[PDB]
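Novice: Below you'll find the structure I mean.
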Amino acid sequence: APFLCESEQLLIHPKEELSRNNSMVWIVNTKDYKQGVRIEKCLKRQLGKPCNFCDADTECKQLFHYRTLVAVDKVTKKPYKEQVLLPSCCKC
Amino acid sequence: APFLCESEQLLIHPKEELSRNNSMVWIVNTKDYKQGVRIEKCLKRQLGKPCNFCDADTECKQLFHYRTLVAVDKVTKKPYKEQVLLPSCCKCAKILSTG
Amino acid sequence: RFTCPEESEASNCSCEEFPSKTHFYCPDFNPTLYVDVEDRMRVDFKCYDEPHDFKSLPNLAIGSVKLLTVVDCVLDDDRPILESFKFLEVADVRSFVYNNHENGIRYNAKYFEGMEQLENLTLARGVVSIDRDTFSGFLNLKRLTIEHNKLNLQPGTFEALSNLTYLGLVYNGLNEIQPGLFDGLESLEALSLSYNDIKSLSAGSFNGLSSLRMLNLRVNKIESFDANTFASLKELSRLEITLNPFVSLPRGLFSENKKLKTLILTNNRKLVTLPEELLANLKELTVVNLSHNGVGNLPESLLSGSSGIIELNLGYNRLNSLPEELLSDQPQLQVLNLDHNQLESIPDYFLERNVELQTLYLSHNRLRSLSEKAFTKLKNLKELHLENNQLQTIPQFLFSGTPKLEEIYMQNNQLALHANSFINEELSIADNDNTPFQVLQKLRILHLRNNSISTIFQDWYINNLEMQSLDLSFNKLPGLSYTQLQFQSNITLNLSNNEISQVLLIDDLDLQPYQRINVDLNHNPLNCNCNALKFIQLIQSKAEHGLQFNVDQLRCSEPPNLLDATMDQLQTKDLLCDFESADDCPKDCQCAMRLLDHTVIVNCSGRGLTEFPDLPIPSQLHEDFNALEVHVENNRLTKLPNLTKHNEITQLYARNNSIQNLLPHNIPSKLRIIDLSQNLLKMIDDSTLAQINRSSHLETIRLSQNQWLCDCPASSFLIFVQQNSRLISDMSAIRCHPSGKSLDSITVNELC
Amino acid sequence: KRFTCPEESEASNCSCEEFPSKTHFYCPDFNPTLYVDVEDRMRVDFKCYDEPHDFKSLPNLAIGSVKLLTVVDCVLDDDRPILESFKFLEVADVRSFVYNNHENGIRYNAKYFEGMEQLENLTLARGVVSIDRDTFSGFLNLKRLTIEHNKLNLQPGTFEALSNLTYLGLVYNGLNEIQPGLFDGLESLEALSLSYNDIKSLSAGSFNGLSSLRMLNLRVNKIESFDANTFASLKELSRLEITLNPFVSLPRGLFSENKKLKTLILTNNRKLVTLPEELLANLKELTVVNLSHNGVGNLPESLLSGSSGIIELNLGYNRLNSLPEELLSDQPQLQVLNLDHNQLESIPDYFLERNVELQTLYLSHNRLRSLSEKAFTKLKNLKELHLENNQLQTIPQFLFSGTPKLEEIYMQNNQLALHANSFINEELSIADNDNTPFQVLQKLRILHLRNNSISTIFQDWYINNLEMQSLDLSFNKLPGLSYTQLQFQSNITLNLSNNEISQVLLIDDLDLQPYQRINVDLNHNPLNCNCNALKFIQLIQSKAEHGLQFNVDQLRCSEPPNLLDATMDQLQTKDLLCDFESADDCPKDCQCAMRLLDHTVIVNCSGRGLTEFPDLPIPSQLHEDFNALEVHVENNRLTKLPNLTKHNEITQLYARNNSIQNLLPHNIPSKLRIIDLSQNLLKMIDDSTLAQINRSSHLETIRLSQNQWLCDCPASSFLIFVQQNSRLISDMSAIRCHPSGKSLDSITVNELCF
Ligand SMILES: *[C@@H]1O[C@H](CO)[C@@H](O[C@@H]2O[C@H](CO)[C@@H](O[C@@H]3O[C@H](CO)[C@@H](O)[C@H](O)[C@@H]3O)[C@H](O)[C@H]2NC(C)=O)[C@H](O)[C@H]1NC(C)=O
Ligand SMILES: *[C@@H]1O[C@H](CO)[C@@H](O[C@@H]2O[C@H](CO)[C@@H](O[C@@H]3O[C@H](CO)[C@@H](O)[C@H](O)[C@@H]3O)[C@H](O)[C@H]2NC(C)=O)[C@H](O)[C@H]1NC(C)=O
Ligand SMILES: *[C@@H]1O[C@H](CO)[C@@H](O[C@@H]2O[C@H](CO)[C@@H](O[C@@H]3O[C@H](CO)[C@@H](O)[C@H](O)[C@@H]3O)[C@H](O)[C@H]2NC(C)=O)[C@H](O)[C@H]1NC(C)=O
Ligand SMILES: *[C@@H]1O[C@H](CO)[C@@H](O[C@@H]2O[C@H](CO)[C@@H](O[C@@H]3O[C@H](CO)[C@@H](O)[C@H](O)[C@@H]3O)[C@H](O)[C@H]2NC(C)=O)[C@H](O)[C@H]1NC(C)=O
Ligand SMILES: *[C@@H]1O[C@H](CO)[C@@H](O[C@@H]2O[C@H](CO)[C@@H](O[C@@H]3O[C@H](CO)[C@@H](O)[C@H](O)[C@@H]3O)[C@H](O)[C@H]2NC(C)=O)[C@H](O)[C@H]1NC(C)=O
Ligand SMILES: *[C@@H]1O[C@H](CO)[C@@H](O[C@@H]2O[C@H](CO)[C@@H](O)[C@H](O)[C@H]2NC(C)=O)[C@H](O)[C@H]1NC(C)=O
Ligand SMILES: *[C@@H]1O[C@H](CO)[C@@H](O[C@@H]2O[C@H](CO)[C@@H](O)[C@H](O)[C@H]2NC(C)=O)[C@H](O)[C@H]1NC(C)=O
Ligand SMILES: *[C@@H]1O[C@H](CO)[C@@H](O)[C@H](O)[C@H]1NC(C)=O
Ligand SMILES: *[C@@H]1O[C@H](CO)[C@@H](O)[C@H](O)[C@H]1NC(C)=O
Ligand SMILES: *[C@@H]1O[C@H](CO)[C@@H](O)[C@H](O)[C@H]1NC(C)=O
């Protein structure tokens with residue numbers, strides 16, 4: 001890991017998470033692994049872990065990103081099955 | 001607070017060709033707006049290699065993110081699968097000197 | 001030193017103006033011979049007269065210096081070169097050059113008395129009938145060259161001088177060979193026999209060459225060989241074969257040598273087949289080229305046992321199919337090229353055997369398609385050349401195992417490629433077209449100037465941030481939009497001669513700072529006006545932007561009025577089009593309803609009947625602009641309808657017609673252009689003066705073809721037209737019915 | 001050859017995902033916990049991000065013999081072979097192994113790797129507990145070994161089991177101090193680096209087998225002192241790099257034996273203000289070295305000896321004070337030097353000239369005030385100089401004698417007066433060019449003279465140097481643009497920002513060179529656009545084509561009163577009136593504003609001093625440079641006018657604020673056309689007016705105002721005729737008959753007079 005902070009790379013198939021307050025669109029009929037995203041998770045207590053080889057005021061932080069959609073899956077109410085508001089890379 | 005490897009994020013407009021809406025009528029009505037897609041890249045000084053005020057690392061690299069957008073194979077003909085990438089984030093990674 | 005000889009009674013001299021050199025006009029007693037001399041470069045002279053008479057020359061010996069005479073200046077036969085040296089005596093210079101042009105001499109040992117020790121030797125156009133004698137005194141000899149000559153060689157002629165480092169025999173047209181001609185020479189490692197006609201390679205003809213390293217057969221009409229020829233020469237390093245009309249090699253030809261580094265087999269069309277295991281375990285072999293050789297098909301076992309190959313080149317060769325056992329023995333390879341070859345289907349399980357291959361060229365092959373498994377174990381590619389290879393499609397996971405790529409030269413494509421949708425099912429994802437290009441992160445250069453590109457893919461400006469140069473000329477791209485341009489890099493683009501029918505550019509051009517993008521648009525059937533006005537002003541009167549457009553050879557196509565018209569001379573004021581399909585116009589005329597530059601336009605000049613309603617179907621101006629114009633002219637209306645509720649218009653036209661009065665209700669006050677010209681106006685339109693109003697829009701009444709009644713009643717009409725004559729577009733046409741003359745010329749005293 | 005998952009359908013979990021990239025695999029399907037990625041027989045990258053993903057239930061996977069294996073924090077068996085633990089994986093002969101754990105530190109022994117010995121690149125991180133020489137003993141032909149972030153301590157004999165290993169490196173290992181022989185058994189150690197380890201101090205006993213060492217790097221190892229021969233114990237080291245370490249001083253002659261050293265780096269050596277003399281002497285060779293950012297106080301007279309010449313030898317940010325001349329003596333050559341941010345008022349010159357060959361040098365951010373001539377005369381090889389941020393106000397007449405072929409110079413934040421006569425001493429000796437050393441500078445690529453007391457601009461430089469493309473000037477003392485400055489025939493870029501520019505003198509510079517893109521910046525330059533700018537105003541007014549490019553929006557003319565803070569867009573070139581406005585003869589109550597474009601002088605008076613204003617001195621043509629004229633009498637009652645029109649050189653009259661009481665066509669000028677004639681009183685007319693009325697000179701516009709008119713027979717017909725030519729009449733109704741008030745057309749005259 002020639003990078004700054006330890007991180008976790010996961011490929012979870014999320015069940016309920018939305019940019020708005022409603023993930024029910026994705027709580028029904030996602031049982032054939034319709035989607036999978038290589039979500040990166042920072043090391044536990046990222047704030048308590050400033051980057052190695054440095055002592056900057058900015059320690060490792062994890063940001064977010066989105067992915068909307070229009071695709072028609074095998075369920076009725078799927079305005080966009082692609083997940084939005086997803087955590088992003090960890091860096092100082 | 002500023003962070004190492006300042007990077008520029010962009011909302012790219014989705015496909016506005018709209019199957020060439022000028023196929024049968026040539027009066028545009030595509031003036032609306034859609035959420036687009038957010039992509040961040042580190043072109044600070046065209047990827048200024050020393051990525052931080054803290055220095056101690058003169059190289060930061062943009063990182064894609066592959067997503068397995070399908071395993072359903074709902075076509076009922078084949079196990080259709082697909083991987084899609086995009087430069088989701090950029091980060092600093094130290095190198096190893098010759099010495 | 002003696003670069004400028006002195007002038008004296010016995011023999012004067014004249015040193016020409018040269019530092020450390022001199023045009024030796026020293027004799028100067030007659031312009032019979034002119035000499036050119038440097039400190040050590042040359043002493044050759046323009047001996048105009050064939051008889052030199054060096055005795056009648058100042059005979060200025062300066063000792064052994066590397067300068068010599070080679071041109072046109074000869075001596076009589078049976079004479080020691082010292083007699084030729086009469087003008088300048090030397091002490092066995094290691095450099096001797098001479099090029100006999102007029103004739104060819106036996107070059108006798110008796111003739112060669114005065115120069116014996118030598119390193120560099122040159123003979124030219126002669127050396128006929130020379131014994132094994134002249135070589136005796138030429139000790140420590142290293143270099144010998146033969147120009148265009150003609151003589152068969154006696155075997156073992158040069159046995160005295162085994163020290164010759166370099167040999168030159170080219171242009172001699174060497175007829176035949178003998179196993180034993182050169183066996184008295186061991187230090188000879190440089191050798192070339194181009195411009196010769198050696199029929200066959202005599203068994204061990206090159207024997208007795210202990211240290212031979214360079215061999216050059218370049219222009220050598222040879223068709224027959226033998227393994228014994230190269231059996232004894234294991235010390236040979238690099239060999240070259242060129243222009244030899246042999247059909248095939250003997251088996252076991254090359255395994256004898258070991259330190260074979262480079263091999264060249266260029267230009268042997270007769271060469272059609274190769275013996276199996278030709279390159280049997282020669283690790284020294286690094287570069288081998290067989291370009292432009294009519295080789296039929298490659299035998300599988302050819303390169304087993306050798307892995308040091310770095311460059312493998314086949315050139316324009318007739319090879320058809322490749323056994324998989326050609327990369328097996330060569331884990332390390334740098335460059336591979338198979339160009340202009342009838343090969344049509346690369347075996348899939350081929351390239352796994354190497355990792356470090358860097359380039360590839362399959363130009364003008366017949367590659368119907370490519371398998372995904374080809375690129376499993378390749379992480380060094382920087383180029384790729386598939387120009388006109390009969391491709392049809394690209395496997396989606398073609399570049400999965402090739403991320404190190406930098407440039408693709410797909411180029412001219414005597415073939416087709418559906419570049420519309422890799423994945424467009426109901427299950428498809430609109431994030432990015434799943435083209436194999438997403439993997440190629442560091443890709444920078446790509447060309448498809450001939451392929452059947454359906455359209456542009458998004459990922460190029462998304463997943464390929466290193467894109468620099470791209471061409472799509474002579475392709476099949478229908479349209480273009482700004483959303484297909486967000487590349488954020490200085491990229492030149494060539495889309496000319498593509499079927500670009502229309503383009504859509506937003507007026508608010510957003511660019512990354514210093515984003516110099518240049519696009520070539522010429523010979524594209526471009527529809528105009530429609531959604532192009534923003535683009536039109538973007539290109540026409542383009543002041544300064546990061547976007548540049550090679551549009552010199554472009555012309556409007558769709559608008560018949562603007563047929564083939566240059567865009568630069570064209571302007572949006574000329575541009576209008578209609579694609580809303582509304583039935584608003586009465587259809588009894590031209591009945592425009594188009595949007596002429598953000599302005600609804602109506603042109604009912606199509607033979608409008610008299611008293612035809614001006615606006616039988618006014619536009620609601622929905623989703624558009626209320627600026628409206630009406631054109632009903634050239635139409636006989638001796639009386640207009642002159643009745644129309646206030647309608648959002650700014651422009652009216654009525655010519656080749658007439659009027660008798662006007663209604664204030666008929667005329668909205670948002671009007672700017674009212675024609676009322678070319679139409680008779682005899683009667684005094686008194687109500688108009690009542691309806692004369694300071695309208696909001698810039699009134700431009702061109703009241704013309706009027707023949708009023710110049711008199712006291714409503715004579716204030718002159719005051720009306722004179723108080724604001726700027727509004728009055730024309731006053732001369734006002735020429736009263738009794739006296740037809742401009743009203744301005746008629747005063748009140750004339751009126752009353 | 002190819003690899004496939006045996007039974008992907010055996011369990012609902014443990015789903016297989018095969019691509020040409022890698023046979024991706026993970027046991028939990030929708031939310032994987034274990035992860036496995038093998039590409040092809042070369043690299044098996046996998047992880048177990050959580051303990052419950054137990055390898056005990058993991059299905060056997062026919063892993064081929066790969067050359068690289070990576071394990072990321074996966075659960076590890078206890079005192080058992082790694083391969084035995086991973087019986088479900090069948091990698092036969094792996095060549096390199098990696099391990100990194102976010103938790104579960106483990107004591108290390110041989111039994112963990114008894115099956116894994118044919119390996120070259122072993123590396124552990126974050127979990128090393130104890131070595132005890134057990135594991136490392138049973139290895140053979142190891143290529144690289146690395147430990148990282150483990151906070152561990154070692155016995156000296158631990159590594160001595162394996163004598164030979166190409167490379168070893170320890171980072172964040174948290175060693176208190178090096179044991180005297182910690183890596184004693186080293187024979188093949190080409191390079192070792194201990195970057196992050198707060199070592200207490202160094203002992204020579206820790207250094208053994210030094211022959212193999214070629215490189216050594218230190219980053220943050222918080223040491224304070226060193227043994228007298230710990231580094232002198234060897235010479236085979238080629239590169240040495242120590243940084244960021246709290247050592248206050250060094251033993252002298254610590255590297256005399258180490259004569260085979262090539263490269264040394266000592267940067268940000270905090271708490272280090274002084275160095276021992278002769279320490280770097282006898283250094284028979286050295287490729288490069290930098291000692292910057294160390295704040296070294298003072299140096300020995302010649303620290304280095306024995307080396308034929310080094311390249312960098314930089315000491316920037318070391319805030320040096322005194323520079324002995326005796327250094328550089330051992331170095332006949334050196335490429336580049338930097339001494340920025342050093343308390344240097346003036347270099348002793350002979351130290352500098354000691355070397356002849358030289359590339360770019362930097363002396364900026366220093367307290368440099370004086371510059372001796374004899375510092376560069378023999379400096380034949382030289383590149384750009386970085387000397388700005390120095391208290392410099394004078395320079396030698398010709399100091400670039402060694403290197404006339406200098407390319408760039410950056411004199412900023414200095415106080416170089418550089419007046420024209422400041423250089424030029426013998427006025428008649430030199431005429432075109434002052435004795436600026438620019439004559440020596442036959443070329444100068446880029447010059448940075450912004451922020452300096454630039455009193456004078458020198459056009460001779462364009463002749464002194466002919467290779468000049470980007471000139472940097474700001475905060476300069478130039479009063480205005482200089483004549484004949486565009487004459488360089490090259491794409492010079494220039495800046496005039498925050499420079500006291502008031503007038504543009506470029507009409508004498510008006511000359512266009514083919515294929516030239518000249519550039520100037522116009523920022524915070526107090527332009528007085530009143531006079532001598534109209535030609536420039538129009539030149540910049542829609543400059544369709546010009547070799548010179550401007551930055552006008554950054555400028556705004558302010559000096560003229562009305563043209564205050566007026567950028568060009570605000571500015572209208574037609575209102576530019578020359579500032580002097582002083583014919584020295586115009587009335588005090590009056591003003592004379594000559595218009596350059598109109599060739600006229602605005603004769604505008606003031607004060608309404610008297611009704612009978614005498615005629616202005618029209619014959620004064622402003623030194624014959626303005627023949628045409630314009631009379632614009634402002635705020636004045638008028639009764640006196642030029643009888644017989646002694647001044648025909650005017651076509652404009654104002655009559656503003658006039659109290660008129662008379663009229664005479666002879667009094668009315670003929671060539672006068674544009675006459676406002678406000679505040680009128682005429683109730684009559686003389687028929688000779690039309691005879692005088694002839695608009696040949698210009699449009700005879702008239703605007704009768706406040707006018708009492710008596711409409712009667714002679715004047716009515718006259719008004720009819722004039723209305724026939726009413727194109728020169730401001731308003732017909734302006735007649736407005738004082739008794740009645742009506743229109744000329746409405747009235748008939750027969751009833752009035754019959
Ligand atoms: C006979 O001809 C051979 C032709 O190769 C001469 O060998 C080479 O001659 C050159 C100059 O004549 C020698 O100088 C070389 O010049 C090149 C070009 O400037 C330079 O790059 C080399 O570093 C070298 O200075 C060269 O040393 C020599 N030998 C080689 C190339 O192996 C030979 O000198 C000629 N002898 C006589 C007696 O004429
Ligand atoms: C693409 O083409 C553009 C032309 O529009 C090239 O412009 C160059 O852009 C860079 C930064 O993007 C400029 O560097 C900086 O410029 C500013 C102002 O000029 C200066 O103050 C900075 O110190 C720095 O030098 C560069 O000057 C500019 N060059 C021009 C306008 O001639 C750009 O190089 C091309 N390539 C890319 C990757 O954008
Ligand atoms: C175990 O460690 C050794 C070093 O002790 C590794 O050998 C080195 O491997 C790297 C990359 O794997 C090589 O880097 C490449 O070198 C070529 C040489 O020209 C260069 O062109 C490339 O740009 C790249 O830098 C390096 O050369 C190589 N060492 C030597 C002496 O060749 C070895 O790879 C490690 N084991 C594994 C499995 O990686
Ligand atoms: C340290 O020694 C070398 C590298 O310096 C590594 O290779 C080992 O070299 C020794 C010779 O000093 C070999 O011992 C003998 O080698 C010959 C020929 O290889 C063999 O026929 C004998 O039976 C005997 O083994 C040793 O085998 C060889 N081992 C390997 C794995 O190459 C050595 O691995 C380094 N490390 C150690 C712990 O020796
Ligand atoms: C020629 O000289 C006369 C002096 O008689 C100048 O007249 C002066 O013009 C200025 C123009 O700024 C007047 O100031 C402004 O006047 C307007 C008038 O309504 C007022 O609204 C503003 O608030 C401001 O006060 C000034 O009053 C006026 N003074 C007189 C005595 O006439 C005239 O401007 C000169 N011509 C030039 C400079 O071209
Ligand atoms: C080839 O070169 C060798 C030397 O490289 C020549 O041998 C030398 O001959 C001279 C002749 O008198 C002797 O003085 C030397 O002692 C000899 N040296 C060696 C090493 O043998 C040999 O004569 C040359 N052959 C020729 C010119 O045919
Ligand atoms: C551009 O592409 C076209 C077709 O895609 C090429 O035209 C012909 O293509 C067929 C394909 O089977 C060939 O058999 C013909 O020989 C081609 N004709 C010619 C004249 O080449 C055309 O060659 C391509 N042009 C370029 C410059 O690549
Ligand atoms: C110019 O140099 C002076 C010298 O002290 C400095 O104070 C100033 O900040 C510099 N910059 C400007 C814009 O004056
Ligand atoms: C200077 O700019 C002009 C265009 O303004 C260009 O033609 C010329 O080539 C440039 N100068 C050089 C040396 O390139
Ligand atoms: C001249 O005097 C009149 C009379 O009051 C006044 O209305 C007018 O404004 C004055 N003109 C000027 C320029 O002051």
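If you're wondering about the labels, chains in the structure tokens are A, B, ... by order shown, residues count from 1 in each chain, ligands from 1 in order shown.
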Return as an mmCIF file with C-alpha atoms, in the first residue's frame every polymer residue, whether protein, DNA or RNA, with at least one atom no more than 12 Å from an atom of ligand 6; count only C-alpha atoms and all ligand atoms.
Specialist:
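So pocket09.cif came out as:
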```
data_model
loop_
_atom_site.group_PDB
_atom_site.id
_atom_site.type_symbol
_atom_site.label_atom_id
_atom_site.label_comp_id
_atom_site.auth_asym_id
_atom_site.auth_seq_id
_atom_site.Cartn_x
_atom_site.Cartn_y
_atom_site.Cartn_z
ATOM 1 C CA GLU C 116 54.258 -1.305 -49.081
ATOM 2 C CA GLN C 117 53.107 -0.724 -45.499
ATOM 3 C CA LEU C 118 49.421 0.135 -45.597
ATOM 4 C CA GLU C 119 46.156 -0.124 -43.679
ATOM 5 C CA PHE C 135 50.223 -8.670 -51.381
ATOM 6 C CA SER C 136 53.696 -9.768 -50.262
ATOM 7 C CA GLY C 137 54.994 -6.341 -49.273
ATOM 8 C CA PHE C 138 51.677 -5.012 -47.968
ATOM 9 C CA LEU C 139 52.260 -5.968 -44.359
ATOM 10 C CA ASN C 140 50.009 -4.773 -41.523
ATOM 11 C CA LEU C 141 47.201 -4.384 -44.059
ATOM 12 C CA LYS C 142 43.697 -4.072 -42.646
ATOM 13 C CA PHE C 158 45.747 -13.428 -50.609
ATOM 14 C CA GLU C 159 47.427 -15.977 -48.357
ATOM 15 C CA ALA C 160 50.251 -13.572 -47.489
ATOM 16 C CA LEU C 161 47.917 -11.077 -45.786
ATOM 17 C CA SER C 162 45.828 -12.799 -43.132
ATOM 18 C CA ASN C 163 45.722 -9.496 -41.225
ATOM 19 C CA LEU C 164 43.151 -7.727 -43.413
ATOM 20 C CA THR C 165 40.528 -6.485 -40.960
ATOM 21 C CA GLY C 184 44.893 -17.296 -46.175
ATOM 22 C CA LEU C 185 43.026 -14.521 -44.353
ATOM 23 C CA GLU C 186 41.907 -14.824 -40.731
ATOM 24 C CA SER C 187 41.623 -11.250 -39.400
ATOM 25 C CA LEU C 188 38.951 -10.666 -42.035
#
```
Novice: Tell me, which residues of segment 54-95 of chain B carry DSSP strand (DSSP E), written as JSON, numbers by chain?
Specialist: {"B": [60, 61, 62, 63, 67, 68, 69, 70, 82, 83, 84, 89, 90, 91, 92]}
Novice: Could you write out that same residue set with N, CA, C and O atoms as a PDB file, in the first residue's frame?
Specialist:
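Generated file (part_5.pdb):
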```pdb
ATOM      1  N   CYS B  60       0.457  12.008  -6.894  1.00  0.00           N
ATOM      2  CA  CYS B  60      -0.891  11.546  -6.614  1.00  0.00           C
ATOM      3  C   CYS B  60      -1.540  11.134  -7.925  1.00  0.00           C
ATOM      4  O   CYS B  60      -1.295  11.735  -8.973  1.00  0.00           O
ATOM      5  N   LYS B  61      -2.356  10.089  -7.858  1.00  0.00           N
ATOM      6  CA  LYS B  61      -2.883   9.437  -9.046  1.00  0.00           C
ATOM      7  C   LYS B  61      -4.395   9.324  -8.957  1.00  0.00           C
ATOM      8  O   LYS B  61      -4.942   9.019  -7.893  1.00  0.00           O
ATOM      9  N   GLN B  62      -5.065   9.582 -10.074  1.00  0.00           N
ATOM     10  CA  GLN B  62      -6.505   9.397 -10.131  1.00  0.00           C
ATOM     11  C   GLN B  62      -6.838   7.911 -10.137  1.00  0.00           C
ATOM     12  O   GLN B  62      -6.113   7.090 -10.703  1.00  0.00           O
ATOM     13  N   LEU B  63      -7.946   7.567  -9.492  1.00  0.00           N
ATOM     14  CA  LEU B  63      -8.349   6.179  -9.323  1.00  0.00           C
ATOM     15  C   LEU B  63      -9.755   5.985  -9.865  1.00  0.00           C
ATOM     16  O   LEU B  63     -10.676   6.721  -9.497  1.00  0.00           O
ATOM     17  N   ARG B  67     -17.604  -1.192 -11.364  1.00  0.00           N
ATOM     18  CA  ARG B  67     -18.856  -1.602 -10.752  1.00  0.00           C
ATOM     19  C   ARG B  67     -19.470  -2.724 -11.567  1.00  0.00           C
ATOM     20  O   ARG B  67     -19.673  -2.581 -12.776  1.00  0.00           O
ATOM     21  N   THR B  68     -19.762  -3.836 -10.902  1.00  0.00           N
ATOM     22  CA  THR B  68     -20.428  -4.951 -11.555  1.00  0.00           C
ATOM     23  C   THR B  68     -21.897  -4.612 -11.736  1.00  0.00           C
ATOM     24  O   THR B  68     -22.729  -4.949 -10.889  1.00  0.00           O
ATOM     25  N   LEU B  69     -22.224  -3.943 -12.839  1.00  0.00           N
ATOM     26  CA  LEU B  69     -23.570  -3.424 -13.022  1.00  0.00           C
ATOM     27  C   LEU B  69     -24.602  -4.507 -13.282  1.00  0.00           C
ATOM     28  O   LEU B  69     -25.795  -4.193 -13.311  1.00  0.00           O
ATOM     29  N   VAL B  70     -24.193  -5.754 -13.489  1.00  0.00           N
ATOM     30  CA  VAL B  70     -25.178  -6.782 -13.791  1.00  0.00           C
ATOM     31  C   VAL B  70     -24.674  -8.177 -13.460  1.00  0.00           C
ATOM     32  O   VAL B  70     -23.539  -8.545 -13.780  1.00  0.00           O
ATOM     33  N   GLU B  82     -21.216  -7.473 -16.790  1.00  0.00           N
ATOM     34  CA  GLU B  82     -20.608  -6.249 -17.289  1.00  0.00           C
ATOM     35  C   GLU B  82     -19.916  -5.525 -16.149  1.00  0.00           C
ATOM     36  O   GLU B  82     -20.423  -5.502 -15.026  1.00  0.00           O
ATOM     37  N   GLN B  83     -18.762  -4.935 -16.447  1.00  0.00           N
ATOM     38  CA  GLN B  83     -18.036  -4.089 -15.513  1.00  0.00           C
ATOM     39  C   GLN B  83     -17.918  -2.696 -16.108  1.00  0.00           C
ATOM     40  O   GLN B  83     -17.529  -2.546 -17.269  1.00  0.00           O
ATOM     41  N   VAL B  84     -18.252  -1.682 -15.317  1.00  0.00           N
ATOM     42  CA  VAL B  84     -18.193  -0.292 -15.747  1.00  0.00           C
ATOM     43  C   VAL B  84     -17.281   0.463 -14.796  1.00  0.00           C
ATOM     44  O   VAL B  84     -17.343   0.260 -13.579  1.00  0.00           O
ATOM     45  N   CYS B  89     -12.208   8.835  -7.829  1.00  0.00           N
ATOM     46  CA  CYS B  89     -11.473   9.652  -6.877  1.00  0.00           C
ATOM     47  C   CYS B  89      -9.990   9.635  -7.206  1.00  0.00           C
ATOM     48  O   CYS B  89      -9.495   8.748  -7.903  1.00  0.00           O
ATOM     49  N   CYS B  90      -9.288  10.639  -6.689  1.00  0.00           N
ATOM     50  CA  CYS B  90      -7.847  10.754  -6.837  1.00  0.00           C
ATOM     51  C   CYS B  90      -7.212  10.874  -5.461  1.00  0.00           C
ATOM     52  O   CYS B  90      -7.807  11.426  -4.533  1.00  0.00           O
ATOM     53  N   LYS B  91      -5.992  10.360  -5.341  1.00  0.00           N
ATOM     54  CA  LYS B  91      -5.365  10.215  -4.036  1.00  0.00           C
ATOM     55  C   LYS B  91      -3.854  10.212  -4.205  1.00  0.00           C
ATOM     56  O   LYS B  91      -3.334   9.956  -5.293  1.00  0.00           O
ATOM     57  N   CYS B  92      -3.156  10.492  -3.107  1.00  0.00           N
ATOM     58  CA  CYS B  92      -1.702  10.477  -3.092  1.00  0.00           C
ATOM     59  C   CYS B  92      -1.190   9.097  -2.711  1.00  0.00           C
ATOM     60  O   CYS B  92      -1.734   8.442  -1.818  1.00  0.00           O
TER      61      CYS B  92
END
```
